[PDB]
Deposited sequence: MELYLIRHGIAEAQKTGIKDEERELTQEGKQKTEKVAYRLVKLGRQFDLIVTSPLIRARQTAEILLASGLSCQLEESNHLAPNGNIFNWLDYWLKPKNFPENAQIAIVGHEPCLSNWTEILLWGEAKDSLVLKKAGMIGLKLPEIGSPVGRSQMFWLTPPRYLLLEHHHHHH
């Protein structure tokens, strides 16, 4: 199956859990969603961290038509952990091989979860910008830990018509 990891868009400065997306944050995120739809991308489901920042990013993705289903999961919060998400969320879901799922979260959570899925442990070697995305292919059978593959990693700027 395909897992897409999207970092929330630019939010206001300084609880931080309530910081909302700023004007440029919404604009940039909208541009990303538009380009994705233009490319013909779609997600069966979008799962988001409960923090406002993420939820608002997820809403923009939905409004663009990228998906029609939304779910919030505490696993995606800054204090969540991939192992519980894998065993108590992903595995039970029993998604088909052709599934395309997007998760909207935070750093360094997303990059680390990615390194764990690719390498087997966090390494902090990936640069994931706000409204940026990572595309991974996870195995159907067995744990995806250290057995996944990355086919996409991009910041918002490289999704624009010119830069």
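Judged by missing C-alpha atoms, the gaps in the deposited chain sequence fall at residues 15-18, 168-172, listed in sequence order.
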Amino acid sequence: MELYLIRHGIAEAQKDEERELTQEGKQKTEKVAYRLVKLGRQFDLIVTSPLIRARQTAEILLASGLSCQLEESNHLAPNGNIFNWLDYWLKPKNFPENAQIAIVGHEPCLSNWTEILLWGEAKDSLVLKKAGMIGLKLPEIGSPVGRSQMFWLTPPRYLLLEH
From here on, numbers count along this sequence of modelled residues.
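With 90-98 and 40-48 compared on mean CA B-factor from the PDB entry, the stretch scoring higher is 90-98. Set 25-33 against 59-67 and average the Cα temperature factors; 25-33 ends up higher. For the set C109, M133, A122, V104, the PDB entry assigns the largest Cα B-factor to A122. If you compare the C-alpha temperature factors of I10, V145, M150, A13 in the entry, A13 comes out highest.
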